[PDB]
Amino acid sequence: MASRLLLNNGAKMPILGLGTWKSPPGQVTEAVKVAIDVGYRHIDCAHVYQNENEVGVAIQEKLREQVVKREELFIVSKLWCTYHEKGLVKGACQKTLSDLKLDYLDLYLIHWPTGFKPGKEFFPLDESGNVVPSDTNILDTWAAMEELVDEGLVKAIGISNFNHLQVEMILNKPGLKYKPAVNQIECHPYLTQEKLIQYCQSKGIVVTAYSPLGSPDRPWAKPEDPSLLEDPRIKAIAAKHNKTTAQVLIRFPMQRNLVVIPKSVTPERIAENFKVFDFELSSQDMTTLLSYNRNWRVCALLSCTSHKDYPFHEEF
């Protein structure tokens, strides 16, 4: 199990990264510092997580301390939905770069295929509780993303939460300059993404699996919800390998040739989560974990189910 995957832009991406959604600003600096110390070289960020400045502080201080150099880090951020307009993309990227205190990003993703009404609300909703869209489409936004590469602000561009038809649309875009390097999607044993993964990988697009632990700190969590980390079938596989359930859920996508980005602000867990290069899940382990699929999403973007570009009506 090698530590990095080759992207279609020629760059190598670490298969294990640190997630930062829900990581409070006052805690994420320490989280990122510990992460770097124990070997993470990939941090997944987003303007919408509203902690990019404090992530930036951690990176800047580890660079200053000569712990790591910039070339050795792989920093990922994402274009928020209110910025899909071609004229707004560069600005939003520069804001993220400014917050992160970086010259460039290694990877910049379109966060969701759905464009929102531009303005100061992250989620402009109307009286029906539905999002107020922007008159934007994925192809023009992609052209704008491409320009960021040409200008050297980002080394790679990609997408997130795109279904295979949406990916195909970009791949077939008239005048396409750069194929998406990565499609970051929710993936774990309750949402295995077999067809979407097979499609992306057949196209040379690397898949990053998010919420691999099932996002137990998700705002909407209810006691009746399924729980990956407490699934006795999964705990059993974990016990057999003498690893924690989390380490199993992290190793699972790695063996599918996926990048995985578990989130923690807990120093002990950050270290524990990285300790997954010292064991293997058996072939049957993988088959069994795959059999647990139930099409269950943590992130269903429910306020946007009428958006023309809502990604989760399609089968995959």
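When you see a residue number, it is the position in the sequence shown, counting from 1.
Subject >> Stretch with the greater mean C-alpha B-factor as recorded in the entry, comparing 251-259 against 279-287 >> reply: Stretch with the greater average CA B-factor: 279-287.
Original post:
Quick one: higher average CA temperature factor, 128-136 or 97-105?
Top reply: Result of the comparison: 128-136.
Original post:
Hey, out of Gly214, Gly158, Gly204, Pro226, whose CA B-factor is highest in the deposited coordinates?
Top reply: That would be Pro226, according to the entry.
Original post:
Per the coordinate record, which of the options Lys235, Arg218, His111, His84 holds the highest CA temperature factor?
Top reply: Of the candidates given, the C-alpha B-factor peaks at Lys235.
Subject >> Among modelled residues of the same chain, the CA temperature factor third for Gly119 >> reply: Highest third.
Original post:
Mind checking which third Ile15 falls in for C-alpha B-factor across the chain?
Top reply: Lowest third, going by the recorded CA B-factors of the chain.
Original post:
With respect to C-alpha B-factor, does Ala239 fall in the lowest, middle or highest third of the chain as deposited?
Top reply: Its C-alpha B-factor, which the entry lists for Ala239, ranks in the highest third among residues of this chain.
**OP:** Please rank the C-alpha B-factors of the chain's modelled residues and tell me whether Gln166 sits in the lowest, middle or highest third.
**Re:** Middle third of the chain for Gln166's C-alpha B-factor.
**OP:** Quick one: classify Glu52 as lowest, middle or highest third of the chain based on its Cα B-factor.
**Re:** Answer is lowest: the recorded C-alpha B-factor places it there.
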